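To start, the structure itself, in structure tokens.
There are 2 protein chains.
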Amino acid sequence: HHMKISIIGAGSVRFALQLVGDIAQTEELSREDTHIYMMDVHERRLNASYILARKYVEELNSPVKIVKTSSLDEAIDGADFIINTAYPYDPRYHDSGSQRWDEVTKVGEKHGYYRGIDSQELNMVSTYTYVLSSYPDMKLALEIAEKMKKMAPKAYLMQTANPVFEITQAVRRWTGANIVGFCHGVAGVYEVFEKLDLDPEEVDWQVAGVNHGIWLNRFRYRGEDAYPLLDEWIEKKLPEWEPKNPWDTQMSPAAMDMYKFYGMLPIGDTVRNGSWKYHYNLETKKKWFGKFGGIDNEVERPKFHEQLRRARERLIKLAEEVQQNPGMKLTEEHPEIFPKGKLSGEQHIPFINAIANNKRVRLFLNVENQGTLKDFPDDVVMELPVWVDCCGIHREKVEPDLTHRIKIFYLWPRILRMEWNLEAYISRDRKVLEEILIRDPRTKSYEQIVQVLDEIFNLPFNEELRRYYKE
Amino acid sequence: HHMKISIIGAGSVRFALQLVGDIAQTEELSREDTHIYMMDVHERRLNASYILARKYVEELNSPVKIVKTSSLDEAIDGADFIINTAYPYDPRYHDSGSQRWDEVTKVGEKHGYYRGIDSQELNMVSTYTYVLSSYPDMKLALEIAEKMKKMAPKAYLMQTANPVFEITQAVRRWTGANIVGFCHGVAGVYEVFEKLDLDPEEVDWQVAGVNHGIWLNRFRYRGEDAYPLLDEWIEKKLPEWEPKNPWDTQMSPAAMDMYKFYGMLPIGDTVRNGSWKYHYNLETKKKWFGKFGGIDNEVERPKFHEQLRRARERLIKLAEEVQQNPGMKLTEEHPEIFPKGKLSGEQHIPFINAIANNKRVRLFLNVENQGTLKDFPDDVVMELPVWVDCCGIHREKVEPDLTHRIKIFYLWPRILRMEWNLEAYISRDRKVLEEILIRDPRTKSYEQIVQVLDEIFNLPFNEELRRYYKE
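Residue numbers (the entry's author numbering), protein chains in the order written: chain A, -1 to 469; chain A', -1 to 469. A prime marks a further copy of an entry chain.
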């Protein structure tokens, strides 16, 4: 047979471009019998990705076949791998998923919720959830899961869209579907090693926890705990640390503070998901994250979404250029965006090449605990270090165990917040949403949460959201 | 041999009087070979309880022997049953345990924490915890547990002092000691049956959960769910409900609201331990609990502690009366306080008579889950329906199971808050206390929690508390 890899939401041009780049440069997958289905509902973006992708593989000399489609059934039918990177929205009001999150966040601030209703303790990550329930995004992943159990029973559903923890769990639990959560927050660990003058391949390390809630449980050098090297860095170097850009938080005072308390270093976006201690306002964010106040604020987030929008428009306009200039080479003209002989460092293609062609590799994926961390249920989805080959996912033993304080102060509260979000969705009940905000540290009255929720629900692009929560 | 029942903190005159009344009226325990050791550190109160108790049993014609002691070793040595009803304090500053709680609560309000630092979501119960850790009270129960493993290895430690959940758990886990938590919040259920015109002995019922967090999981009449009778009462009767006194909350709008959301009626002090929805201020408390705003407020609690103080002074002065008037009969002069031919309805003596003399009885006690509620760990202490005989405690099957919403919204959050409180104690670390308040919905800044904690720690009667948390 051939191999079908469907990318749902392929209008995310850059992420799709790095996926297509990775498969086209992977010797075992770069075959005539590899078919990439790019599927999306917004056609301007779709057509751009498609012509760019085709131009790109042409220049890598990859015989991979690329098929654009407009219908999700045709993309799912008989697929071997389904990558969901879709960010749903209503084209009558918006032109991008992030616009809707940006707007409910303004309504949330209007009613006294700084950084919006979706900014909660232990998840400050922007655009992670959408009105707690994430209805638009969860609805789509469950639609995909119902369609694929009929037309693609042997496929792996690779969840990339947020919230990955909530969605992966819901699909896993409510459908049978073979879903796996992907996220690459694990990469920040390489910055820790460099800042401590450590050859990365000479470090024995491990992380574990929950999506955007992972901890460096094992950090060793020469068979000895290397955490004293971090304690020394905190003494000497931290006083003069400074971020390169609003995303640079791994070695921040907020991270070191969380390290002091929990006993292990929080990795990647975990650092963004601290307690309210670091997030009361912009001035407080700047004390703990440096001059930008990190990425999750009034100034840097709208700035970032504006850059992202600006970039879509460009890639569309670039697609009109390759149409207009058949002869120009994308590898030469924009090598940043079309790398030759390098890999994205994303885990998606390594995963596919492992399962399809037995190229065994260590990955960090969101899968059911299944008794890897004993103090938590077997069915709860977690970000774990796993080995992947043609027999599927195999979990590494997690050693040392995560500290008591991580379990009771971080992980368990975060698991419950997920259980809260899933109950809100499944029950179709406003009361659950109200109860979530009743426990929000910035709720002043009950009247307040009723009025925020009302206003959010009455935004024109949430018409079907409020019809979902209608008595 | 004889039987030794030690009451630690016997200066709680009224509670001690009802204990001594219950044993003296229990046919199997009212023996010459039953010895009651009353022990306390404050001698004015001790002497009063002792002479009152002796006068009391004299009039019931109970041959029970009563021994006052000043030393806790002498009370614990060779004891069969040890009832801990002590509320520690410093006599150089205070004359009662509740004075210290009242004062840290004033300091908490001073710094913007309404009803004090110890009033947290899912525990509004006044005087339950003391500066989160409850150091004075936990220290004493662990001292008792270390002394009794040497001098009373076969004894049952009956915890009555608060916090019962935290203390019972800590002792259980950190020592071997055979501890069991007692609390009689289960009694409110009899008011529910009466208000619905139900013969109480014709109702098939059960409760379960956590101390001050119990739910009416089973409510049946004629082998049929009787919860529609509660739904009818809510329609017709609730609009005209009104409390008899600040403790009357079982049928309140707050209780019915919690019933609507969780699916089961919260029982006793559970009703006091709702979310902040019902507790923002006095005016909001009065909407949900009636004209008094319940018992946990600025007005009714100091009023209640003043009545309690007034009552101690009286019982002391009554003791000087029986000394002065040998001939007067306490049964006749104050029958409210010295009942003849009735039982307290407290579970303490039924328990003793069950274990000692095989008078089997159904009780609701705080013991280790041990897989009674499957979704929770085996070692966590919980308030469960149990049968008690001479072979010990036997747990009833809990059926139906508690609802999903109770588990994820009420019980699990409350278990974690306990785990937080125990970590604060065991670690001797202010940072844990800070982290608890970092998640308090009325914390505005980190500076705020540092200043509350500082001021609390610097109150003269907390000298040894702050030396316990000293760097």
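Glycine included, C-beta positions come from ideal geometry on N, C-alpha and C.
Based on the DSSP secondary-structure assignment, which residues constitute the bridge partners of residue i?
{"i": "A:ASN82", "result": "A:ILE6, A:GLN157"}
{"i": "A':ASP197", "result": "According to DSSP, which records beta bridges pairwise, A':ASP197 is partnered with nothing at all."}
{"i": "A:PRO264", "result": "A:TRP213"}
{"i": "A':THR32", "result": "A':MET1"}
{"i": "A:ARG218", "result": "A:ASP202, A:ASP223"}
{"i": "A:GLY390", "result": "A:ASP387"}
Answer yes or no: does any C-beta atom of chain A fall closer than 9 angstroms to that of residue i?
{"i": "A':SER47", "result": "no"}
{"i": "A':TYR278", "result": "yes"}
{"i": "A':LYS327", "result": "no"}
{"i": "A':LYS152", "result": "no"}
{"i": "A':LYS284", "result": "no"}
{"i": "A':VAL430", "result": "yes"}
{"i": "A':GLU433", "result": "yes"}
{"i": "A':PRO375", "result": "yes"}
{"i": "A':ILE115", "result": "no"}
{"i": "A':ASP438", "result": "yes"}
For chain A', find out if any of its Cβ atoms is closer than 9 angstroms to the Cβ of residue i; answer yes or no.
{"i": "A:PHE259", "result": "yes"}
{"i": "A:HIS109", "result": "no"}
{"i": "A:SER273", "result": "yes"}
{"i": "A:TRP410", "result": "yes"}
{"i": "A:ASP294", "result": "no"}
{"i": "A:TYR225", "result": "no"}
{"i": "A:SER10", "result": "no"}
{"i": "A:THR441", "result": "yes"}
{"i": "A:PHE13", "result": "no"}
{"i": "A:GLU417", "result": "yes"}
{"i": "A:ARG270", "result": "no"}
{"i": "residue 471 of chain A", "result": "There is no way to answer for residue 471 of chain A, as the model of chain A reaches only from -1 to 469."}
{"i": "A:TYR444", "result": "yes"}
{"i": "A:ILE165", "result": "no"}
{"i": "A:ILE232", "result": "no"}
{"i": "A:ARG403", "result": "yes"}
{"i": "A:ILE5", "result": "no"}
Quick one: is residue i buried, meaning 16 or more other Cβ sit within 10 Å of its Cβ, or exposed?
{"i": "A':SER47", "result": "buried"}
{"i": "A':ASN215", "result": "buried"}
{"i": "A:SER69", "result": "exposed"}
{"i": "A':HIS0", "result": "exposed"}
{"i": "A:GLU366", "result": "buried"}
{"i": "A':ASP373", "result": "exposed"}
{"i": "A:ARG90", "result": "exposed"}
{"i": "residue 470 of chain A'", "result": "Here chain A' comprises residues numbered -1 to 469, so residue 470 of chain A' is not present and cannot be evaluated."}
{"i": "A':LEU120", "result": "buried"}
{"i": "A:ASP135", "result": "buried"}
{"i": "A:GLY292", "result": "buried"}
{"i": "A':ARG393", "result": "buried"}
{"i": "A':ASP376", "result": "exposed"}
{"i": "A:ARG465", "result": "exposed"}
Would you please state the rounded distance, in angstroms, between the beta carbons of residue i and residue j? I believe it to be under 8 angstroms.
{"i": "A':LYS2", "j": "A':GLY76", "result": "6 angstroms"}
{"i": "A:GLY211", "j": "A:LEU409", "result": "7 angstroms"}
{"i": "A':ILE265", "j": "A':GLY183", "result": "6 angstroms"}
{"i": "A:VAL123", "j": "A:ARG270", "result": "5 angstroms"}
{"i": "A':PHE290", "j": "A':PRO241", "result": "6 angstroms"}
{"i": "A:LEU457", "j": "A:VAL102", "result": "7 angstroms"}
* Specify whether the segment 190 to 207 of chain A' and the segment 416 to 424 of chain A' touch according to this definition: at least 3 beta carbon pairs, one from each stretch, less than 8 angstroms apart. => Touching, no, given that fewer than three Cβ pairs across the two stretches are closer than 8 angstroms.
* Is it a yes or a no for the segment 150 to 168 of chain A' touching the segment 301 to 314 of chain A', going by three-plus beta-carbon pairs under 8 angstroms? -> No: fewer than three Cβ pairs fall under 8 angstroms.
* Asked: Are at least three pairs of beta-carbons, each pair with one atom in the segment 11 to 19 of chain A' and one in the segment 335 to 351 of chain A', less than 8 angstroms apart?
  -> At 8 angstroms Cβ cutoff, the stretches touch.
* Count the C-beta pairs between the segment 443 to 458 of chain A and the segment 49 to 57 of chain A' that are closer than 8 angstroms, then say yes if the count reaches three, no if not. => Taking a cut-off of 8 angstroms on C-beta distances, the segment 443 to 458 of chain A does not touch the segment 49 to 57 of chain A', as fewer than three cross pairs fall below it.
* At least three beta-carbon pairs within less than 8 angstroms, the segment 2 to 11 of chain A to the segment 29 to 39 of chain A -> Judged by pairs of C-beta atoms under 8 angstroms, the segment 2 to 11 of chain A touches the segment 29 to 39 of chain A, as three or more such pairs exist.
* Asked: Does the segment 218 to 230 of chain A come within contact of the segment 279 to 295 of chain A, defined as at least 3 CB pairs closer than 8 angstroms?
  -> In short, these stretches do not touch, since the Cβ pair count stays below three.
* Asked: Is there contact here, the segment 432 to 446 of chain A with the segment 423 to 443 of chain A', by at least three beta-carbon pairs under 8 angstroms?
  -> Counting C-beta pairs closer than 8 angstroms gives three or more between the segment 432 to 446 of chain A and the segment 423 to 443 of chain A', which meets the contact rule.
* If you pair each beta-carbon of the segment 155 to 166 of chain A' with each one of the segment 175 to 182 of chain A', do three or more pairs fall below 8 angstroms? -> They touch, by the three-pair rule.
* Asked: With contact counted as at least three CB pairs below 8 angstroms, one residue from each stretch, are the segment 229 to 237 of chain A' and the segment 247 to 254 of chain A' in contact?
  -> These segments touch.
* To do: Could you say if the segment 92 to 108 of chain A' and the segment 384 to 403 of chain A' meet the contact criterion of at least three C-beta pairs nearer than 8 angstroms?
  => A contact between stretches requires three or more CB pairs, one per stretch, nearer than 8 angstroms, and the segment 92 to 108 of chain A' fails this requirement with the segment 384 to 403 of chain A'.
* Would you check if the segment 193 to 202 of chain A and the segment 368 to 388 of chain A touch, i.e. whether three or more CB-CB distances between them fall below 8 angstroms? => Touching, no.
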